[PDB]
Amino acid sequence: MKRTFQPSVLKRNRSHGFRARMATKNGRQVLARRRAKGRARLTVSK
Amino acid sequence: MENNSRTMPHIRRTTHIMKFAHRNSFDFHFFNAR
Amino acid sequence: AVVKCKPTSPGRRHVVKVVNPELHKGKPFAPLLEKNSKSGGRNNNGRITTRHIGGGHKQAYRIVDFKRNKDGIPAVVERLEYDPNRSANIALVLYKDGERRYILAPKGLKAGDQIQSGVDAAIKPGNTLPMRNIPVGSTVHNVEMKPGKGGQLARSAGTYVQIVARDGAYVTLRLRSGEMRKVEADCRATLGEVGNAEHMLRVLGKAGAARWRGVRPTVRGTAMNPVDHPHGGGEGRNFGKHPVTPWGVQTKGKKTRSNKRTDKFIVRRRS
RNA sequence: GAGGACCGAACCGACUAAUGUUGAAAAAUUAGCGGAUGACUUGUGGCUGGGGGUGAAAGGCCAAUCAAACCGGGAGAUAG
RNA sequence: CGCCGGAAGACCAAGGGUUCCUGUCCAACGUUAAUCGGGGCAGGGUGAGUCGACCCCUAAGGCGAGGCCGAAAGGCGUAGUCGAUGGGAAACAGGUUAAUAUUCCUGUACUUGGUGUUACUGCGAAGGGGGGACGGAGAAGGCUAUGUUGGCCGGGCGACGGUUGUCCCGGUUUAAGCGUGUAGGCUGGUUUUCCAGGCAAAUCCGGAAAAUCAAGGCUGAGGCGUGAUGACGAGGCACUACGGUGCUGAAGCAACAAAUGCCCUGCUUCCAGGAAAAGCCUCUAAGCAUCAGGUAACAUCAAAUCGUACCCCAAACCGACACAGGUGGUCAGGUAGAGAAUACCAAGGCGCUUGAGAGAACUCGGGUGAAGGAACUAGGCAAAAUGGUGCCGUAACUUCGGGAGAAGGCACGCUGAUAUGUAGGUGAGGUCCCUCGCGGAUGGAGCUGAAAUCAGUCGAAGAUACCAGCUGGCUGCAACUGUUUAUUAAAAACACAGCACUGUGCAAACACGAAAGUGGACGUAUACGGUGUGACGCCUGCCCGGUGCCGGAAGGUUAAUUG
RNA sequence: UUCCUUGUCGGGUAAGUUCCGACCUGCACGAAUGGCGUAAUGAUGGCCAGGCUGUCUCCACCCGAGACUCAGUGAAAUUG
RNA sequence: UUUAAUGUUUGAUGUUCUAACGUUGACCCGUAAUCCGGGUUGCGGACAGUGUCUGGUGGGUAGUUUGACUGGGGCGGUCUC
RNA sequence: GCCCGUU
RNA sequence: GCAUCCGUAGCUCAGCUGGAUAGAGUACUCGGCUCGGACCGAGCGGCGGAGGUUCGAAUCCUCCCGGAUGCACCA
Ligand SMILES: NCCC[C@H](N)C(=O)O
Ligand SMILES: [K+]
Ligand SMILES: [K+]
Ligand SMILES: [K+]
Ligand SMILES: [K+]
Ligand SMILES: [K+]
Ligand SMILES: [K+]
Ligand SMILES: [K+]
Ligand SMILES: [K+]
Ligand SMILES: [K+]
Ligand SMILES: [K+]
Ligand SMILES: [K+]
Ligand SMILES: [K+]
Ligand SMILES: [K+]
Ligand SMILES: [K+]
Ligand SMILES: [K+]
Ligand SMILES: [K+]
Ligand SMILES: [K+]
Ligand SMILES: [K+]
Ligand SMILES: [K+]
Ligand SMILES: [K+]
Ligand SMILES: [K+]
Ligand SMILES: [K+]
Ligand SMILES: [K+]
Ligand SMILES: [K+]
Ligand SMILES: [K+]
Ligand SMILES: [K+]
Ligand SMILES: [K+]
Ligand SMILES: [K+]
Ligand SMILES: [K+]
Ligand SMILES: [K+]
Ligand SMILES: [K+]
Ligand SMILES: [K+]
Ligand SMILES: [Mg+2]
Ligand SMILES: [Mg+2]
Ligand SMILES: [Mg+2]
Ligand SMILES: [Mg+2]
Ligand SMILES: [Mg+2]
Ligand SMILES: [Mg+2]
Ligand SMILES: [Mg+2]
Ligand SMILES: [Mg+2]
Ligand SMILES: [Mg+2]
Ligand SMILES: [Mg+2]
Ligand SMILES: [Mg+2]
Ligand SMILES: [Mg+2]
Ligand SMILES: [Mg+2]
Ligand SMILES: [Mg+2]
Ligand SMILES: [Mg+2]
Ligand SMILES: [Mg+2]
Ligand SMILES: [Mg+2]
Ligand SMILES: [Mg+2]
Ligand SMILES: [Mg+2]
Ligand SMILES: [Mg+2]
Ligand SMILES: [Mg+2]
Ligand SMILES: [Mg+2]
Ligand SMILES: [Mg+2]
Ligand SMILES: [Mg+2]
Ligand SMILES: [Mg+2]
Ligand SMILES: [Mg+2]
Ligand SMILES: [Mg+2]
Ligand SMILES: [Mg+2]
Ligand SMILES: [Mg+2]
Ligand SMILES: [Mg+2]
Ligand SMILES: [Mg+2]
Ligand SMILES: [Mg+2]
Ligand SMILES: [Mg+2]
Ligand SMILES: [Mg+2]
Ligand SMILES: [Mg+2]
Ligand SMILES: [Mg+2]
Ligand SMILES: [Mg+2]
Ligand SMILES: [Mg+2]
Ligand SMILES: [Mg+2]
Ligand SMILES: [Mg+2]
Ligand SMILES: [Mg+2]
Ligand SMILES: [Mg+2]
Ligand SMILES: [Mg+2]
Ligand SMILES: [Mg+2]
Ligand SMILES: [Mg+2]
Ligand SMILES: [Mg+2]
Ligand SMILES: [Mg+2]
Ligand SMILES: [Mg+2]
Ligand SMILES: [Mg+2]
Ligand SMILES: [Mg+2]
Ligand SMILES: [Mg+2]
Ligand SMILES: [Mg+2]
Ligand SMILES: [Mg+2]
Ligand SMILES: [Mg+2]
Ligand SMILES: [Mg+2]
Ligand SMILES: [Mg+2]
Ligand SMILES: [Mg+2]
Ligand SMILES: [Mg+2]
Ligand SMILES: [Mg+2]
Ligand SMILES: [Mg+2]
Ligand SMILES: [Mg+2]
Ligand SMILES: [Mg+2]
Ligand SMILES: [Mg+2]
Ligand SMILES: [Mg+2]
Ligand SMILES: [Mg+2]
Ligand SMILES: [Mg+2]
Ligand SMILES: [Mg+2]
Ligand SMILES: [Mg+2]
Ligand SMILES: [Mg+2]
Ligand SMILES: [Mg+2]
Ligand SMILES: [Mg+2]
Ligand SMILES: [Mg+2]
Ligand SMILES: [Mg+2]
Ligand SMILES: [Mg+2]
Ligand SMILES: [Mg+2]
Ligand SMILES: [Mg+2]
Ligand SMILES: [Mg+2]
Ligand SMILES: [Mg+2]
Ligand SMILES: [Mg+2]
Ligand SMILES: [Mg+2]
Ligand SMILES: [Mg+2]
Ligand SMILES: [Mg+2]
Ligand SMILES: [Mg+2]
Ligand SMILES: [Mg+2]
Ligand SMILES: [Mg+2]
Ligand SMILES: [Mg+2]
Ligand SMILES: [Mg+2]
């Protein structure tokens, strides 16, 4: 049957992409936490 | 949720398997000690 | 003309429709139209702030002249049109200089009739003039409350306002609800009643007719759980409570007017 | 040539029975069944955020989780 | 040999990302073996002015200089600026690779800009106006895609009786563009004068007046001509690594039937009254005036960048799997049929990645059954049965619509005749007229073709398969169509049209918001909110002591404050 | 909605705790948290009849897919 | 106890006024702008509205409580002398 | 003001 | 089965004056008005049983009987 993950690249980048994270202060603290942990992928981008 | 299982990483909610009252074949007439 | 449908189906058995053949079968006047998109009852926070709103037919807004301040110039009535935005019908008028405007259509007004606003206009239905030059006892509609602001009272189909007294800089109006109210005498009004007075004689007949107007279904509070409404709960049909709103305020009797700056304009409240 | 009209495929749904129940499947299959121009159905995008939303109201649904989601923290809460 | 064929065929979007093609390998992966593979390794493969993105323009909505508001963080919003699922210039046919093609090649086209020359000329916007520009349902006419038959052309003379014919098989294809302007649709045309309107102006739009003409203009499928002395072409001939390659090539017409596609963003009708902005056309202001600019012809130049392989109802996407699940759009052949149902087929694609035997109980999915026919069981659960078209016929009750397909019954194949194929549909030639052409009248060849009657005939059975209502009687509840516990409950529950009470005079009540503000509503008491009841018919009685709400103000009691 | 209760009487059956009609002794109906009716409608609750049948008396045989044997691959719950 | 007179002075109610304050009335400008601000004017007007303090109401929302004994709990009874 | 009945 | 409240004149109901004294309406009886009602005037008529406290009980105890009300739940 129909499952929960239905992929769409435009809706992916608009919801959790890099400019979406940089637009609010709470999204910028997500990127600071992921840089502090040292992650190889910061956002869900291309 | 069971979020770090190494034996079964594909599944997080598993009590539909072994808990008898959560299986799809559970009937409430099994609970007749009432 | 009030038409009863024949019961060829259970959704048609009770339908009563109002049919006016004098309306304009055709497209509306395009330079007086504007886009009017729907809300769903939601404000700029995105929350529902008025319930039971949603869906319905797409509608274009018609710019209706509520001010009637193009004075001294006469206007002929071209045709009567349908307006989906109000219960009243509207009329397209043509002024002598070539200007076209929508006005509210008053009772007994046909195509070819001659209207004129202004302080020197005549006392006949359709004309707009300040209430200091309307005789006491006349039947008016589209009444201003502030001078120059535009008509705000008695706009709905079949409604009117009686001028009961003029003493001073004020006139006393008998409103449609039965309220006596003081409005100042330099405010404008239009002579006559509003047309389409059998608008209240129609019967929708079925549930889908109310959904065509953008009215969503009402759930009774006594049909809910106590977490949802004060009336909720019960093992069977139980009420036991004093009737309240979804936010706990007593309905069925309790007055909610709280406005201390307009109380000096209200002579008598409705009863 | 009207209709929340009629019969009936696509399409939407889920009333009955059998199978399956370490399944082919964490809810299906087979045979029948209901709606099928409408209060219908569907694609793409958008809005509403947790004592909050949304609800033709079943405590239903809010990412296989809901009489208060999930993640991190107070936190080694407390446990006659 | 079997299966699908409104897909299990073909082409895409979304999503995936090399799974595509060629060579090579078989450890692991593949529910078995594997020489094979969507597996390992290596190499190759995606070619655009016209397709799409980007781009210009906006919807919902987002962000938002100043601004308004908020302990801080921030919230809302103006001017703006983003945002497609919508609007906006232009290409077709044929050929070719192992793998790309409307992109390469061949043939024939089209669009928008820049620059230059010549000829002529009031050009100019952040402004005005037009246009773009829009619903549901229904009906009819004209067409095409496509199909069938005939004619034509090429081939055949049959493994077993017959088959030189009223015989059999195959082919009979051709685009954009350019030219013509038809079926159909809409609308009167032209000139002059004037004006409280279109934020100023206007020769444009709107309004008024007068004269004159009986016609004009706009839109538009298809057809026809050209494109095309070409291309393609059944086959034949010549080589070959037997995969394929090279050359030549006949006919290439007519009739009938016919769409859910086109004319049609039309027409008719209804109420629930049906986006926006730019490109486009036009008007003028500031302004410039032998300038600049505008219009036409000709020449020349430019049209960048990114995507393009492959899968896409699936073994490549979402489901942990090569998982009986889920997934939007486009194309729509034949015979029978009302049909996109169903049965059998075409083009095309497949036999679902363990097999071989045996023929016990029992389980699953089916077939048939003596006599009886619900005796079974909580309960006719499940099965069995009914089933089509035409005609005859049809009760109580009723809100006069219904009930009703009530119930029940009769006919049904094939052959011949009526009639060498009828009624109807289509309509060539010939003739006549003019408006001389895509015209009208007459005319009927040819093609297509029901339904009925009479007579005969075969079978147990003619709606023969697939497909395809069981019917009737009494009663509870809910008026009805709808909605709901995704995964044990579809209902008598919820909703509903209708009814009533109550609040609400507009800066409305009320709701979301420390606020600003927003919804209610660009609505105004025939309106909006809340509550209860629930179509319709007949009705809805008595009680205000209690609790609540509304009204009252005399008296009693009574806060901060004052002292 | 009625505990006593399978109340009593009538109908239907050879036989009816259910059904239909009536009576009133309403444990404990009742008028818009509506009363009583009601044509049409319902995958709604109850009851009866005709047709039909492996539902049953009471099972028998047959066609396929497993079960069984051979070859290859090769699990699970549980367990002092 | 009871009143009037002169001199001096608050509270109440009422009536006008405008100048604080309101304006989701009109017009002009910033300005290519239904925001906002400034200006002119009209209507309200010391009212309304807001801050501090204060009485009432307040399951709208929150934090909690709701005993033990007991031939099982509940119900009943009991709890000290 | 009220003032029933009579096998 | 448990709990709570009631038994008073022929009938329906007061009286707990905290223990020292029983009443009302209606019925019935007698007399009058007119034949009978209605009406008027007078009268008559007794603490559910059985023990106990008490100087003394309808009243307070204990048991019994009768009549009502509520409860008898989770399995
Ligand atoms: N939202 C879906 C997450 C699926 C995950 N593997 C699970 O078993 O929950
Ligand atoms: K409702
Ligand atoms: K309930
Ligand atoms: K129809
Ligand atoms: K939609
Ligand atoms: K929460
Ligand atoms: K989740
Ligand atoms: K191998
Ligand atoms: K496998
Ligand atoms: K698009
Ligand atoms: K322009
Ligand atoms: K326009
Ligand atoms: K004009
Ligand atoms: K390609
Ligand atoms: K065997
Ligand atoms: K049928
Ligand atoms: K009813
Ligand atoms: K249902
Ligand atoms: K429900
Ligand atoms: K109302
Ligand atoms: K609005
Ligand atoms: K009362
Ligand atoms: K009261
Ligand atoms: K009262
Ligand atoms: K009852
Ligand atoms: K009998
Ligand atoms: K009987
Ligand atoms: K049903
Ligand atoms: K029924
Ligand atoms: K002012
Ligand atoms: K105040
Ligand atoms: K004990
Ligand atoms: K015990
Ligand atoms: Mg509402
Ligand atoms: Mg309602
Ligand atoms: Mg409920
Ligand atoms: Mg509550
Ligand atoms: Mg109840
Ligand atoms: Mg229908
Ligand atoms: Mg559903
Ligand atoms: Mg089902
Ligand atoms: Mg099915
Ligand atoms: Mg049906
Ligand atoms: Mg149907
Ligand atoms: Mg169906
Ligand atoms: Mg609809
Ligand atoms: Mg979507
Ligand atoms: Mg519940
Ligand atoms: Mg999850
Ligand atoms: Mg869930
Ligand atoms: Mg909680
Ligand atoms: Mg701590
Ligand atoms: Mg711990
Ligand atoms: Mg087949
Ligand atoms: Mg690879
Ligand atoms: Mg390959
Ligand atoms: Mg292997
Ligand atoms: Mg392959
Ligand atoms: Mg490979
Ligand atoms: Mg590889
Ligand atoms: Mg483009
Ligand atoms: Mg903003
Ligand atoms: Mg701070
Ligand atoms: Mg833009
Ligand atoms: Mg390819
Ligand atoms: Mg324009
Ligand atoms: Mg064509
Ligand atoms: Mg030849
Ligand atoms: Mg020949
Ligand atoms: Mg032979
Ligand atoms: Mg614009
Ligand atoms: Mg996949
Ligand atoms: Mg998968
Ligand atoms: Mg996974
Ligand atoms: Mg997953
Ligand atoms: Mg497989
Ligand atoms: Mg699959
Ligand atoms: Mg689908
Ligand atoms: Mg089919
Ligand atoms: Mg084939
Ligand atoms: Mg067998
Ligand atoms: Mg038999
Ligand atoms: Mg036989
Ligand atoms: Mg037999
Ligand atoms: Mg039986
Ligand atoms: Mg039996
Ligand atoms: Mg059945
Ligand atoms: Mg009958
Ligand atoms: Mg009839
Ligand atoms: Mg009839
Ligand atoms: Mg019939
Ligand atoms: Mg015959
Ligand atoms: Mg019953
Ligand atoms: Mg219903
Ligand atoms: Mg239904
Ligand atoms: Mg459930
Ligand atoms: Mg369920
Ligand atoms: Mg569930
Ligand atoms: Mg079920
Ligand atoms: Mg169900
Ligand atoms: Mg309301
Ligand atoms: Mg109800
Ligand atoms: Mg009061
Ligand atoms: Mg009986
Ligand atoms: Mg009965
Ligand atoms: Mg009731
Ligand atoms: Mg009741
Ligand atoms: Mg009542
Ligand atoms: Mg009531
Ligand atoms: Mg009834
Ligand atoms: Mg075996
Ligand atoms: Mg083996
Ligand atoms: Mg004042
Ligand atoms: Mg609480
Ligand atoms: Mg605590
Ligand atoms: Mg205890
Ligand atoms: Mg006990
Ligand atoms: Mg008598
Ligand atoms: Mg006598
Ligand atoms: Mg005694």
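We name chains A, B, ... by the order of the sequence lines, and we start the count at 1 in each one. As a basis for the values below, the full set of heavy atoms in this structure was taken, side chains included, without hydrogen atoms, waters or symmetry mates.
Residue C:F29 is classed as having no contact, given no heavy-atom separation below 4.0 Å to the nucleic acid. Across all strands, A:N26 comes closer than 4.0 Å to no nucleic acid atom at all (heavy-atom distances). Contacts of C:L204 with the nucleic acid, taken as non-hydrogen atoms under 4.0 Å apart, involve only primed sugar atoms and P, OP1 or OP2. Across all strands shown, C:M145 has heavy atoms under 4.0 Å from sugar-phosphate atoms exclusively, and none from any base.
Out of E:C318, E:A527, D:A27, the shortest distance to the side chain of A:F5 is found at E:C318. When distances run from any side-chain atom of C:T159 to the nucleotides D:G45, E:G505, E:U526, the shortest one goes to E:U526. Of the candidate nucleotides E:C506, D:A2, G:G25, E:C506 has the atom lying nearest to any side-chain atom of C:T262. Out of E:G523, D:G46, E:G532, the shortest distance to the side chain of C:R155 is found at E:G523. Looking at the side chain of C:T222, the nearest of the listed nucleotides E:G401, E:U533, E:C506 is E:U533.
Evaluation of atom-type donor-acceptor distances gives no pair under 3.5 Å for the side chain of C:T251 against the base of E:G503. Residue side chain C:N43 reaches the base of E:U518 through a donor-acceptor N/O pair under 3.5 Å, judged by distance alone. In the interface, the side chain of C:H14 is paired with the base of E:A535 through a donor and an acceptor atom under 3.5 Å apart.
Under the rule of centres below 5.5 angstrom and planes below 30 degrees, the bases of I:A14 and I:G15 are stacked.
A distance of 5.5 Å separates NE2 in C:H231 from NE2 in C:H229, rounded to the nearest 0.5 Å.
Groove assignment: C:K27 in the major groove [side-chain heavy atom to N7/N6/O6/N4/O4 below 5.0 Å].
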**Request:** Determine, for nucleotides 50-62 of chain D in 5'-to-3' order, which nucleotides have protein heavy atoms under 4.0 Å from the base (write B), from only the sugar-phosphate (write S), or from neither (write -).
**Result:** S-SSSBBB-B---

Please tabulate the protein-to-nucleotide N/O contacts below 3.5 Å involving nucleotides 192-201 of chain E, giving atom names and distances.
from   : atom 1 : to    : atom 2 : distance (Å)
E:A196 : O2'    : C:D97 : OD2    : 2.5
E:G197 : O4'    : C:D97 : OD2    : 3.0
E:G197 : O2'    : C:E99 : OE1    : 3.4
E:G197 : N9     : C:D97 : O      : 3.4

